[PDB]
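Quick notes on the structure that follows.
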Amino acid sequence: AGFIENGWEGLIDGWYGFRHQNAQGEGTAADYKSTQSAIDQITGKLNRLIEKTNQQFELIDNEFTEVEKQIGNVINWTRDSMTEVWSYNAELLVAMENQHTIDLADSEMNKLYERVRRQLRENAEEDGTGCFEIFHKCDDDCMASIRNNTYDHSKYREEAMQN
Amino acid sequence: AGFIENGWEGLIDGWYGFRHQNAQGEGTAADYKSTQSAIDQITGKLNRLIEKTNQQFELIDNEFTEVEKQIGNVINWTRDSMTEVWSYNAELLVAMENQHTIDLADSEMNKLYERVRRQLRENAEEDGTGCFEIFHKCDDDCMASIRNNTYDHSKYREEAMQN
Amino acid sequence: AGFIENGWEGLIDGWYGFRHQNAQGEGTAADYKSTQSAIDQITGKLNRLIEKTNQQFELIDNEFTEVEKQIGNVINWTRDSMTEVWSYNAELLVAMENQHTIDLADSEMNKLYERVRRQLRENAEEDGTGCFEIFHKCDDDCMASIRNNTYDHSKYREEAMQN
Amino acid sequence: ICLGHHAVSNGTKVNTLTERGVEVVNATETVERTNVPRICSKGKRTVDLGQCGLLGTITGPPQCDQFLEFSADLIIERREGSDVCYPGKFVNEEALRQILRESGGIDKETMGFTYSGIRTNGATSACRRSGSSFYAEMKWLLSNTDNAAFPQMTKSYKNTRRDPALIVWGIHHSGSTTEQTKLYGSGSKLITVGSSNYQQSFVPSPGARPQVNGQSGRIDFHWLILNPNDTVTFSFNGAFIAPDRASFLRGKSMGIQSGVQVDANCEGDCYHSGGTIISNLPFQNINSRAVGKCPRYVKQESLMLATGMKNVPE
Ligand SMILES: *[C@@H]1O[C@H](CO)[C@@H](O)[C@H](O)[C@H]1NC(C)=O
Ligand SMILES: *[C@@H]1O[C@H](CO)[C@@H](O)[C@H](O)[C@H]1NC(C)=O
Ligand SMILES: *[C@@H]1O[C@H](CO)[C@@H](O)[C@H](O)[C@H]1NC(C)=O
Ligand SMILES: *[C@@H]1O[C@H](CO)[C@@H](O)[C@H](O)[C@H]1NC(C)=O
Ligand SMILES: *[C@@H]1O[C@H](CO)[C@@H](O)[C@H](O)[C@H]1NC(C)=O
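Protein chains in written order, with full-length UniProt numbering: chain X, 346 to 508; chain S, 346 to 508; chain C, 346 to 508; chain P, 21 to 334.
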């Protein structure tokens, strides 16, 4: 997500998609495997995080009738230290899991990018902006064949080597 | 470990290795540098994790004769809060270091993969399943040279460009 | 920073740079975008991290006239547990952010390398030592065009395809 | 071309999740070690109690007259600061000290206690400035002239202010029963202190004690906190150190226990016995008991946060 100029706004159903701009026309489709894996990983991370505590805490301090002042300050200081360390742990965890979510999105993105590279030996190459320059013409069949991960490159090699 | 269909079960000595399927036959070998780096990093992580603490706690509550109920409940609540924060920190640490070890294995695999593609400029290309398609004939000396990081691609370029 | 043999000592102003060693002469220049992004990310991490607490504690113990020994032991044990958990959190913090800073520097290096290889379709090829081999001759304008992220690979293809 | 990064001959060793002591081009501090050995607190009101003590500000021994009723946003106590002139302890000592630390200063106002036909000017050889005297806001209620009965007194004081008052009174356990009869007379003296939330009562107990500050008997100062529109009745038959003035809280402050001198050359945040921890780092390793909004304590001597890349020498 670093070498791309901008993200698409018309991509609604899928997180990661595909555009063609071939001679047949213009089409914007959505990949399924990469976005399913990304949503599965992130939802698993959420389900790990979204978990109410098992440990049961009781009332240690009285709001109405104030407890003895020494033990009251001891309880207040213990609760304040626990509150500070919990706020610290919460902000640290939120920051690093947002970082890991962004890195996971980038990892799924360039994993799809590198698997598209692997599917296209020399029939296509990158432009640096996230697009692949196809060296063969197909009537929107090889578009879906790249999309469906059922692309055969060896039959398209002879007309793409000389170009 | 992303583009590979399945990991090898016949590899025992190392962690990352090579399969041959050449004209001489079929053979399995084990890389040494990448697995040494991975095991060194993971064992260093274990060494910095597997450490008995220096802080020496004292007995604050009495198991046999119960202490005064107010200060005893304060001790119980402090111990329960510290148990909860230590359990949360333990889950956090275990989860993030398991993620980091998985990502470290993936990154060591990726580093070996990119260094193999860097060794062989055009003599071999990926297929998407983790293999490299050699475009020259060589009887186990070139492949061991690939393993030994002593591959001389300059004397193999002439017969691999036209293919 | 994996495939690179060593870091340059003469690169002073920039973190990530460029060496050409072309026929025109010798010169070590510095990239600006990658090092600016890396320093911005690391300084943002520091500004997130270097932050005095907004919560103000009070004196719970007494240095001069020692408090009652039971509540004194409770305060000492609570402070020791808080000190131990803060020390563990601090060393975990330092370890994982040093790991993330090293990984961020490696990722910025990899992103710069990949964007250079994306600018250089076939006119240049990778080496494995972090260098690029050029199939065309060009006098310090192409090199700056690579540095300025304004490379025009369209009109270098005719003399570099056969090489 | 050749593409690469920068490095230095001498970098920094930092700790990392995989390897310990890895070499980086540059690194920064996260655990502060440099401690300012001065309580530098410019921008806030401060009082240096010195040879006076924080709890001595209430009762008023000779060392604590200057800071008898003060006002500050920072209170500083010293080890040499004594809380009492006539010897004796404080019940709930740390509770009263922590109340005074958050007082923001204290204000003394008279209770209007009128005593009829009974000598009230206490005088001890220990609590002395120029002659035999006693505390500032405490009145030692002796007998009339000599061994004589002490009439039962019922003195009621009502806190009419809008803030919760603080009342400190004293109990005299004489050095002997004969001394107690000299000062208050024969009979079992019994004293009750009554409030809405306070009803504790107690009996003075004469007996021999070691000579502390050149005196035998000990006076224990009890205390309570009065809510607004609440009254305290002292019903004492004898042997009472009556409160002439009630102490009132002023605002919010924080109390430190240091031993270094005070200046105004900083913007300090937290303080301790070694001085001031002025820094912006998240962690510190100077004192475990630094109080204020500042870095937290850690067990490690030093942690290096890698600011630069992992460098390899050429
Ligand atoms: C302790 O904290 C509670 C808030 O959680 C506060 O209402 C209470 O006044 C505090 N106690 C003292 C003695 O400051
Ligand atoms: C405090 O915890 C211990 C075990 O950790 C338990 O045996 C004890 O009963 C608890 N005290 C109270 C008052 O519940
Ligand atoms: C509590 O810890 C402090 C240092 O933080 C130490 O000076 C004191 O002696 C300890 N108290 C006891 C009772 O050990
Ligand atoms: C290295 O880091 C320190 C942080 O203490 C900083 O003051 C210094 O300017 C840095 N040096 C360079 C060359 O970045
Ligand atoms: C306290 O008493 C005064 C006078 O009787 C009255 O004006 C005020 O409202 C009372 N306050 C409370 C809290 O009862």
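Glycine residues also receive a C-beta, built at the ideal position from the N, C-alpha and C atoms.
Partners in chain X for residue i, counting only beta-carbon separations shorter than 7 Å
i	result
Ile420 (chain S)	By Cβ distance, chain X contributes nothing, its closest Cβ being about 10 Å from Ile420 (chain S), past 7 Å.
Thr423 (chain S)	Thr423
Check: residue i C-beta below 8 Å from any heavy atom of ligand 2
i	result
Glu408 (chain S)	yes
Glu411 (chain S)	yes
Neighbour list for residue i in chain P, Cβ cutoff strictly below 9 Å
i	result
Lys414 (chain X)	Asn112, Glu114, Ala115, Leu116, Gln118, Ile119, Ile245
Cβ of residue i within 9 Å of any chain P Cβ
i	result
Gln386 (chain S)	yes
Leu356 (chain S)	no
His445 (chain S)	yes
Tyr377 (chain C)	no
Ligand 5 heavy atom lying under 8 Å from the CB of residue i
i	result
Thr180 (chain P)	yes
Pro184 (chain P)	no
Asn249 (chain P)	yes
Contact set between residue i and chain X, taken where Cβ atoms lie within less than 9 Å
i	result
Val430 (chain S)	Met427, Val430, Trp431, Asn434
Chain S contact for residue i (CB, 9 Å cutoff)
i	result
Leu23 (chain P)	no
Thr38 (chain P)	yes
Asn35 (chain P)	yes
Presumed contact (8 Å Cβ cut-off) between residue i and residue j, rounded CB distance
i	j	result
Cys60 (chain P)	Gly73 (chain P)	About 23 Å; that fails the 8 Å criterion.
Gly362 (chain C)	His26 (chain P)	7 Å
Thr428 (chain S)	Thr423 (chain X)	Not really, about 14 Å apart at Cβ, beyond 8 Å.
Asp289 (chain P)	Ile276 (chain P)	Rounded, the Cβ-Cβ distance is 12 Å, inconsistent with contact.
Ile479 (chain S)	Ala489 (chain S)	Between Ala489 (chain S) and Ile479 (chain S) the Cβ distance is about 13 Å, and since that is not below 8 Å, they are no contact.
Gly195 (chain P)	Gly237 (chain P)	4 Å
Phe254 (chain P)	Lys159 (chain P)	Wrong, their Cβ atoms sit about 12 Å apart, outside the cutoff.
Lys128 (chain P)	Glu157 (chain P)	6 Å
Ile78 (chain P)	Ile126 (chain P)	7 Å
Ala440 (chain C)	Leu37 (chain P)	5 Å
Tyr204 (chain P)	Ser163 (chain P)	6 Å
Listed by chain order, chain X residues near residue i by CB distance under 8 Å
i	result
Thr398 (chain C)	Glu429
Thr380 (chain C)	The premise fails here: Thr380 (chain C) is roughly 15 Å from chain X at the closest Cβ pair, so nothing lies under 8 Å.
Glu403 (chain C)	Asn418, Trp422
Partners in chain S for residue i, counting only beta-carbon separations shorter than 7 Å
i	result
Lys456 (chain X)	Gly347
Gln464 (chain X)	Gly473
Residue i, DSSP secondary structure in three states
i	result
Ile447 (chain S)	helix
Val42 (chain P)	strand
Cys487 (chain C)	helix
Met454 (chain S)	helix
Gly417 (chain C)	helix
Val430 (chain X)	helix
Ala374 (chain S)	strand
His498 (chain C)	helix
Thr54 (chain P)	coil
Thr134 (chain P)	coil
Neighbour flag for residue i against chain C, beta carbons, 9 Å
i	result
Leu391 (chain S)	no
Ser61 (chain P)	no
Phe256 (chain P)	no
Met441 (chain S)	yes
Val51 (chain P)	yes
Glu453 (chain X)	no
Amino acids of chain C, ordered along the chain, whose beta-carbon sits closer than 9 Å to that of residue i
i	result
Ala374 (chain X)	Under the 9 Å cutoff, chain C gives no residues; its nearest Cβ is about 24 Å from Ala374 (chain X).
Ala266 (chain P)	Neighbours of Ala266 (chain P) on chain C: none; closest Cβ ~24 Å, over 9 Å.
heavy atom of ligand 3 below 8 Å from residue i C-beta
i	result
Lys414 (chain C)	yes
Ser267 (chain P)	no
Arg99 (chain P)	no
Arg316 (chain P)	no
Neighbour list for residue i in chain P, Cβ cutoff strictly below 8 Å
i	result
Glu459 (chain S)	Here the premise fails: no neighbours, minimum Cβ distance about 14 Å.
Distance cut-off 8 Å: residue i Cβ against heavy atoms of ligand 4
i	result
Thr327 (chain P)	yes
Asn331 (chain P)	no
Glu396 (chain C)	no
Min CB distance residue i to chain X below 9 Å
i	result
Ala505 (chain S)	no
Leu438 (chain S)	no
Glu411 (chain S)	no
Cross-chain neighbours of residue i in chain B, by beta carbon under 8 Å
i	result
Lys319 (chain P)	The displayed structure is made up of protein chains X, S, C and P, and chain B is not among them.
Cross-chain neighbours of residue i in chain C, by beta carbon under 7 Å
i	result
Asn300 (chain P)	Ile395, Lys397
> Which residues are close to ligand 6, meaning CB closer than 6 Å to any heavy atom, in chain order?
Replying inline: Looking for ligand 6 in the displayed structure turns up nothing; the ligands present are ligand 1, ligand 2, ligand 3, ligand 4 and ligand 5.
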